[PDB]
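# Geometric and topological summary
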Number of protein chains: 2
Amino acid sequence: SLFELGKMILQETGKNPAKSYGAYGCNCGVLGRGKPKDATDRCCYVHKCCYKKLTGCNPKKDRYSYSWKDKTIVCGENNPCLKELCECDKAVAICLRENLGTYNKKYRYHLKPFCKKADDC
Amino acid sequence: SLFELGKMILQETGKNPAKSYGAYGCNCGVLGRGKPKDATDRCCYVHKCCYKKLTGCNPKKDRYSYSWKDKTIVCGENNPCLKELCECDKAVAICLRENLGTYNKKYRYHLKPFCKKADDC
C-alpha cells in the first residue's frame, strides 16, 4: 500500500516521497504514465508497469510486510500478490535512490506537465 | 481537475495551493489518506472521502465549470458526477479557508510515512 511504498522511498532515498516523487516527471505521481523525463522518472514508469502485472491485489490499498533489517528492504513472504507488490515498491525505492544524482527539481509539478504517451508496459 | 481545485483553494484561502496544501499533513496531496493531523488535514481527508463517492468522472483530470460569484464558489455543470466533484472541491477549499486559523506550516511537507492509518471513509 501507499504506506509501505512511501516508507520505502523514504528509507532508500532519504527524500520526502510526496514532495520529491508525488509529482515528478511523467510517471512519478498519481497521474499515470508517460514518456520518462529522466532516470528518476523511468523508475516510476517501471514501477507503474510493475503494478499492472499484479493480480487481484490493490497496490494503493493493500498493506504488506517487509523488513528493513540492515537498511535493506526484504519483502516478507506475505502472499504471491502482496510479495510481488512489495517487490515493485522495493524496486522503485531502490531505483529512485540510485538515480538521486540526476534528480531534477525542474520535473516536479503541481499540475500535470507535457507528457508523451509511455510506450506502455 | 487539480486545476479547478487549485483555483478554488487560492480563491478561498488566498494561499498558493501547491505550496500550502499540495503536501500538507497526512491527507492533503499525494500518498492517499492517513489519520488527520489537524483540522486543515481533516478537510483533505474529507475531500478524499468525498472523491471516493464520485461515479464516472476523474478528479485528477476531468475539468468542470464553476463560477466565483460574489466571492462564492458556485458549481455549474449539469453533469451529476462533475457537479459532485466540483462540490467536493468547493467544500475542501472552504474547509481549508475555515481552518486557516490552525494551519501548521510545519505540516507543510509533512513526511507522510509518519502518518497513522486512517479510518476508512
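As a numbering rule, every chain is indexed from 1 in the order its sequence is written, which need not reproduce the entry's residue numbers; residues that lack coordinates are not presented. Here chains are named by letter from A upward and ligands by number from 1 upward, in the order in which they appear as written. Excluding hydrogens and water, the side-chain figures rest on all heavy atoms present in the structure. Residues with missing side-chain atoms are left out of burial classes, side-chain pairs and their counts.

In the PDB archive, X-ray crystallography is given as the structure determination method for this entry, at a resolution of 1.65 Å.

Looking at the PDB entry, one finds chain A named Phospholipase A2 homolog 1 and attributed to Bothrops pirajai. Of the comments in the UniProt record for chain A, the one headed Subunit reads "Homodimer; non-covalently linked." UniProt positions are given in the numbering used here, feature names are shortened, and annotations may be inferred rather than shown by experiment. Under Subcellular location, UniProt gives the following word-for-word description of chain A: "Secreted".

Right, let's get into the overall build of chain A. Comment: elements are numbered from the N terminus, with helices defined as DSSP H or I runs of at least four residues and strands as E runs of at least two. Looking only at helices and strands, one finds four helices and four strands in chain A. In sequence order, the secondary structure elements of chain A are arranged as α-α-β-β-α-β-β-α. The reference for a compact globule is 2.2 Å times residues^0.38; the radius of gyration itself is calculated from the C-alpha atoms. For 121 residues, the compact-globule estimate of 2.2 N^0.38 gives 14 Å, and chain A sits close to it at 14 Å. With respect to the principal axes defined by its C-alpha atoms, chain A has extents near 40 × 30 × 20 Å.

Residues and elements named next belong to chain A. Positionally, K90 belongs in helix α4 (residues 80–98). The buried charged residue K90 lacks any salt bridge partner; its closest oppositely charged side chain belongs to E87, at an N-O distance of 4.4 Å. Polar contacts involving the side chain of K90 include one to the main-chain carbonyl oxygen of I73, which spans 2.7 Å. Residue contacts are defined here by distance: any two heavy atoms, one from each residue, within 4.5 Å place the two residues in contact. Residues in contact with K90, not counting those within four places in the same chain, are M8, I73 and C75. Between buried and exposed lies partly exposed: a residue is buried under 20% and exposed over 50% of the maximum accessible area for its type, with that area taken using a 1.4 Å probe on protein chains only. A positive count includes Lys and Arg, and a negative count includes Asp and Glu. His and the chain ends are not counted in either. For this analysis, a salt bridge means a side-chain nitrogen from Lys or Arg found within 4 Å of a carboxyl oxygen belonging to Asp or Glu. Whenever a nitrogen or oxygen atom comes within 3.5 Å of another N or O atom, the pair is scored as a polar contact, on the condition that within protein one atom can donate a hydrogen and the other can accept it, and that pairs from neighbouring residues in sequence are kept only if both atoms are in side chains.

In this section: a nonpolar patch on the surface. Residues enter a patch when their relative accessible area is above 30% and they make no salt bridge; the linking distance is 9 Å between like charges and 5 Å between nonpolar side chains (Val, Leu, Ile, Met, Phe, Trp, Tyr). Working definition of accessibility: Shrake-Rupley area with a 1.4 Å probe, residue cover restricted to the visible protein chains. On the surface, a cluster of nonpolar side chains totalling about 240 Å² of accessible area is made up of A:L111, B:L2 and B:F3. Relative to the assigned elements, B:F3 resides in helix α1 (residues 2–13).

So, about the UniProt feature "disulfide bond" in chain A. Residues and elements named next belong to chain A. You can see the UniProt disulfide between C43 and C95 is made here, since their sulfurs are only 2.0 Å apart, below 2.5 Å. Placement of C43 in helix α3 (residues 39–52) and of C95 in helix α4 is noted, with a sequence separation of 52 residues between them. Throughout, a disulfide means two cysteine sulfur atoms within 2.5 Å of one another. The sulfur atoms of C75 and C86, a pair UniProt annotates as disulfide-bonded, sit 2.0 Å apart here, close enough for the bond to be present. Of this pair, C75 sits in strand β4 (residues 74–75) while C86 sits in helix α4, and the two are 11 residues apart along the sequence. By the burial criterion, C75 is buried, and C86 matches it.

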